[PDB]
Ligand SMILES: CC(C)(C)c1cccc(CN[C@H]2C[S@@](=O)C[C@@H](Cc3cc(F)c(N)c(OC(C(F)(F)F)C(F)(F)F)c3)[C@@H]2O)c1
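Here's what the structure looks like:
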């Protein structure tokens, strides 16, 4: 029954992927950002310059006030509001209705994005990181508890104005090619995984693998970039600089500030290396790798001048909260959040990114000793 959910995601580049939902009785329609990096379901519930519509609790006969406040600080942006519950549906999702916790957003700072076309956020990670605390049941937990929808979902985020699929309750085999490879969810709070090796253009970075997961590695559809811990970021940039030294770049480009352009159609893709992340596998001493093409970490942005060149921003950036595998890693992969079996699956997406002589890949098996030592404590 998954064909009804194919292509149920939309978005604008760098502004996230959202799915249509309805809340309340009668149903109020809102676009909701899908975010595996948080665990709160929250919606605009009051006028805001960037909102063209919002949730109106007074108009819903099924609304219940929980008479308790709440706020959530993200990396950038935050909101506060009122907790309550209401009936929620996903039109292009499973044919069910659930009563879910909803944070009605009454105030916010840099949360909503001008022109993003979404009015709320769907936190799909675990109760452990819910605000105010882990007793506030996340939406997907409610869905699974109240219905017969199996305890997993999958995301196919496609690049170029963007679209994708959130298959709720299963895996749609027409969305990927090749085999699915699975890495354990290390702990159910964020979708935390363990990176055991990193290579750039086939060359091992040769760092202590704990550095890759310091202080954690997570899969986060609410983040645009691949984000890397300071030491790893510097090693990666040094290596990517070396490989592309043929050309000169503004150092503000490597900081993700200045975009670089080339004459439309002449982007020197070949001088930018592929990046391979090796993830812990399902059996002893076994891992697998996902390989990212430059077409994924050089994100296309519109011309800041009058010309019609191809311009790009460097979409790898430094993190102080661990590795974040954001949308640009997830794009061109089919990612399965298999909560029931505590694992995340990766396969080459059907909407995979193209290079002339190179291809994004998910490959295994590999042997990797002492993978347990890669986890940071
Ligand atoms: C407390 C809590 C929630 C567990 C937490 C605190 C810090 C870091 C994290 C890890 N996950 C975070 C990383 S943060 O960069 C984005 C956040 C979700 C989010 C909040 C926002 F305000 C906005 N605008 C947003 O839109 C982005 C973008 F436009 F790129 F900003 C777009 F559009 F790309 F999606 C996305 C996600 O959840 C969780």
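Numbering (the entry's author numbering), first residue to last: 46P, 47P, 48P, 1 to 157, 169 to 385. All C-beta atoms, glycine included, are put in the ideal place defined by N, C-alpha and C.
Nearest-angstrom Cβ-Cβ length linking residue i and residue j, presumed shorter than 8 Å
i           : j           : result
residue 245 : residue 10  : With a Cβ gap of about 23 Å, residue 245 and residue 10 do not count as contacting.
residue 243 : residue 215 : 6 Å
residue 91  : residue 146 : 5 Å
residue 17  : residue 88  : 5 Å
residue 83  : residue 60  : 5 Å
residue 370 : residue 356 : 6 Å
residue 148 : residue 366 : That pair is no contact at about 36 Å.
residue 203 : residue 301 : About 18 Å; that fails the 8 Å criterion.
Span of the alpha helix (DSSP H), counted from its first residue to its last, around residue i
i           : result
residue 338 : 335-338
residue 248 : 238-251
residue 140 : 136-143
residue 316 : No alpha helix (DSSP H) contains residue 316, which DSSP labels as neither H nor E.
Residue i vs residue j beta-carbon contact at 8 Å
i           : j           : result
residue 337 : residue 191 : no
residue 335 : residue 254 : no
residue 113 : residue 154 : no
residue 319 : residue 377 : no
residue 174 : residue 48  : no
residue 331 : residue 221 : yes
residue 350 : residue 193 : yes
residue 184 : residue 34  : no
residue 79  : residue 103 : yes
residue 195 : residue 327 : no
residue 51  : residue 42  : yes
residue 239 : residue 384 : no
residue 119 : residue 31  : yes
residue 201 : residue 56  : no
residue 325 : residue 264 : yes
residue 144 : residue 93  : yes
residue 374 : residue 298 : no
residue 14  : residue 117 : no
residue 97  : residue 36  : no
residue 270 : residue 322 : no
residue 46P : residue 22  : no
residue 308 : residue 157 : yes
residue 29  : residue 115 : yes
Neighbourhood of residue i by C-beta distance below 8 Å, restricted to the same chain and skipping five residues each side
i           : result
residue 316 : 272
residue 176 : 2, 87, 90, 91, 140, 146, 150
Residues near residue i by beta carbon distance below 6 Å, same chain, minus five either side
i           : result
residue 289 : 295, 296
residue 340 : 357, 360, 361, 368
residue 372 : 189, 296
residue 205 : 286
residue 65  : 80
residue 333 : 227
residue 258 : 266
residue 279 : 252, 254
residue 342 : 153, 183, 184, 355, 357
Limits of the beta strand (DSSP E) - the one that residue i falls within
i           : result
residue 227 : 225-227
residue 15  : 14-20
residue 174 : 170-176
residue 375 : 369-375
residue 346 : 341-346
residue 349 : From DSSP, residue 349 is part of no beta strand (DSSP E); its letter is neither H nor E.
residue 206 : 203-208
residue 150 : 150-154
residue 7   : 6-8
residue 46P : Here residue 46P belongs to no beta strand (DSSP E), and DSSP marks it neither H nor E.
residue 179 : Element bounds for residue 179: n/a, residue is neither H nor E.
residue 324 : 324-327
Cβ neighbours of residue i in the same chain (closer than 7 Å, five flanking residues each side left out)
i           : result
residue 108 : 74, 75, 76
residue 81  : 54, 60, 61, 62, 63, 99, 101
residue 275 : 318
residue 187 : 355
Residue i Cβ short of 7 Å to ligand 3 heavy atom set
i          : result
residue 69 : Absent from the structure shown: ligand 3. Ligands present: ligand 1.
Requested in this report: Could I get the ranges of all uninterrupted beta strand (DSSP E) runs contained in the stretch 32-82, with 3 residues as the minimum, in chain order?
Outcome: 38-41, 61-70
Report task. Mind listing, in chain order, the continuous beta strand (DSSP E) runs of no fewer than 3 residues lying wholly within the stretch 252-315? Result -> 268-270, 283-288, 294-300, 306-309
Which runs of the beta strand (DSSP E), 3 residues or longer, sit entirely within the stretch 107-135? 117-120
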